[PDB]
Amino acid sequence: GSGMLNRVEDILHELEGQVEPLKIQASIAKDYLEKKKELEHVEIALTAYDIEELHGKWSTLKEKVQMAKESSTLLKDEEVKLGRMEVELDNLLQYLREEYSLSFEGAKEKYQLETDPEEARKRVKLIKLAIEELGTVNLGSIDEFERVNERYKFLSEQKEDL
């Protein structure tokens, strides 16, 4: 014979059971990735905003401290504040590199706030909560669903010759 003993119905039944479950996980995973994308966009914009704002404040204060010197406890208090700003500024800049591989210029160019920063920060919290409420996410299910579904479709729509 030129035919096959194994019926395609068997593999189809084995796969059909797998389609819908993977579809659910994949739909959850895509939703997660969408919220993650939104979160990242807002966080990059906030980071660039905070860097420019904080550097501006630190620059100004550092100039006033140095201007006053050239002219004791009060002075020390300002220097402590300068130190705190410097640590925070360094952290923000290094965060930009480590988390996004973006320069400040690159971040600002592509992502700027479209609301006041506090509104953006609240938005960040709300997106994080939404992500958290998705529970356990299986990212691999997106690719796994694609493979299983395409295979199932291939065999289904051509079962007559399989």
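One rule holds for the numbers: they count along the sequence shown, beginning at 1.
Original post:
Going by the B-factors listed in the PDB entry, is the mean over the C-alpha atoms higher for 94 to 102 or for 133 to 141?
Top reply: For C-alpha atoms only, the mean B-factor is higher in 133 to 141.
Subject >> Higher-B stretch (mean Cα B-factor, as the entry records it), 55 to 63 or 42 to 50 >> reply: 55 to 63 has the higher mean C-alpha B-factor.
Original post:
Among the chain's modelled residues, which third holds the C-alpha B-factor of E88?
Top reply: For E88, the deposited C-alpha B-factor lands in the lowest third.
**OP:** Would you please rank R123 by its C-alpha temperature factor against the other modelled residues of its chain and give the third it falls in: lowest, middle or highest?
**Re:** Middle third - that is where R123 ends up once the chain's C-alpha B-factors are sorted.
Subject >> Modelled-residue ranking by C-alpha temperature factor, third containing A107 >> reply: Lowest third of the chain for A107's C-alpha B-factor.
Original post:
Compared with the other modelled residues in the chain, in which third is the CA B-factor of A29?
Top reply: Bottom third by C-alpha B-factor.
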